[PDB]
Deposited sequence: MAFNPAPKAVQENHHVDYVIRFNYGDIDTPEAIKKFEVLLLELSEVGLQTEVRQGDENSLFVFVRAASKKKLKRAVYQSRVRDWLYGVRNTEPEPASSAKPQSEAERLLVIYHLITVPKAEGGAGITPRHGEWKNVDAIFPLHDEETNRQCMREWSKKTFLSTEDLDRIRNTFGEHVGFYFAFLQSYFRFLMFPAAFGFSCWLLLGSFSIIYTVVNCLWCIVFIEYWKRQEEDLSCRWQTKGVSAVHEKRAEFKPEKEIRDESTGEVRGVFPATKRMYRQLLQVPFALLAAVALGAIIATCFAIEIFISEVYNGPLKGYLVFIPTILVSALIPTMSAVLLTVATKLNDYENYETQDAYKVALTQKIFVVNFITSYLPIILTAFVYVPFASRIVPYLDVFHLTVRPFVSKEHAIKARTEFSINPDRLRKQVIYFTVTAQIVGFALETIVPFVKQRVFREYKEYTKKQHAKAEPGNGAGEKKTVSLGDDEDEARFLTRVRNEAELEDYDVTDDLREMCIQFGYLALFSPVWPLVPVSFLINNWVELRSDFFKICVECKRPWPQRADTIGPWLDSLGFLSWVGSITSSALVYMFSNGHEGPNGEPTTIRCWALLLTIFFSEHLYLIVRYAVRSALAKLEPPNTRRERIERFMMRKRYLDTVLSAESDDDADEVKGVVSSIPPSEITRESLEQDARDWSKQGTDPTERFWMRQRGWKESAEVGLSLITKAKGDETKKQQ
């Protein structure tokens, strides 16, 4: 092979006492090592399995640890070799955390790329537009299941987006804006997509046998106690509400400043809405500053398990997304357009608004940022050791933003899904090229779900049936506030019924890899079972005596 059978490579930063304990702990478990020179201040330890008699023991111990928790190619061997380095010494072997405690001089451990499979996949998918189900299994036998779930989800979202893009173009030549047919169909689409993906997840976790790995909770190495009381965390978790209430006011001031400068320009053609465009093209910069504060606040709260840090980070990213993406449109649909006679004499300092202003705001906030934003072995190992590290959490955030724009403010302008579909099609195979050229290879982490991002998509539908049903009343064709509060009531309690009726009609249809596992488990059980198989009573002793 082009790699020299190297399973992993460990980078050790620099004295010669922390190196011998590393080599001893790697040689205690069965691993063969080889030491070479790093870049300029480090050493490289290449690690593979020592013999064929120890790889079988490692595979058997990992299967025992899987079977004891209810869970029971290249990406299986790399997984059972990675569990021989980092799993603690009582359970598995050598317990090497990367750099937190007693291992501060280890920088990172990482596997090596295989350029032949990456070249023979990026060529055969350069013009295909839709990956087959035998193509998703090659983004699983390399990179594991945590990457395959993400790629399958993005392809299913692109396949479902073609219906609002083709229905909102026909609801723009024939019906216009603020329609009831488009609002009802768009609200049903958001229910059907989520309830369809929730069973595609069970299908895909029955196909790739990772059915119950969500309950095996890992433990963070950056936890600092060991026990930490659950009330000292519930007081550090209250620094989120002044952060949210301060960010909301700091954005409302900027949006009111744009509303004042547009009035001052309009008093003294298309250059009137320049202070809105220059704010709408600058939100991905001012939303990447609040995420660093959210990350510092999430690291301050001192979580113990790894599957709680991710839920806290997702919940903190959702609030920043809401504040910086949907508050500039909520503040001009419910506060500024229906109250434009008690606000405009206040915002017109140095004294000198139809519902089309809302349509122009939706156009400028879902288009502008997209238009603006468009020997030989030891050398390549040193090149691969200097690349960045990949994550899927920066590409599902943009998907959640797009889904919120579809669920909330789509009746205002029905060419929002066409504008999202064109942008999704231009950069289709761009995150694959990112993951096998300009990043380093991730260890084959297993997964069961795309994560807690599926719980933020169900919130944004419930809000949408309120918001998109208070616009169709307010701006189609005197507001008459009781009819608005009756429309909101009946729309929300009809959403809650249609979601129940859709959720229980998709539970009867079984996908083809759940039926195969059900038949196999039934056959195993019914094959195991058939291999297994005082003077009152002395009156009728025998069978034929009782019948006589």
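The deposited chain is incompletely modelled, with C-alpha atoms absent over 1-10, 25-31, 90-102, 256-268, 312-317, 402-420, 443-490, 594-603, 660-702, 718-735.
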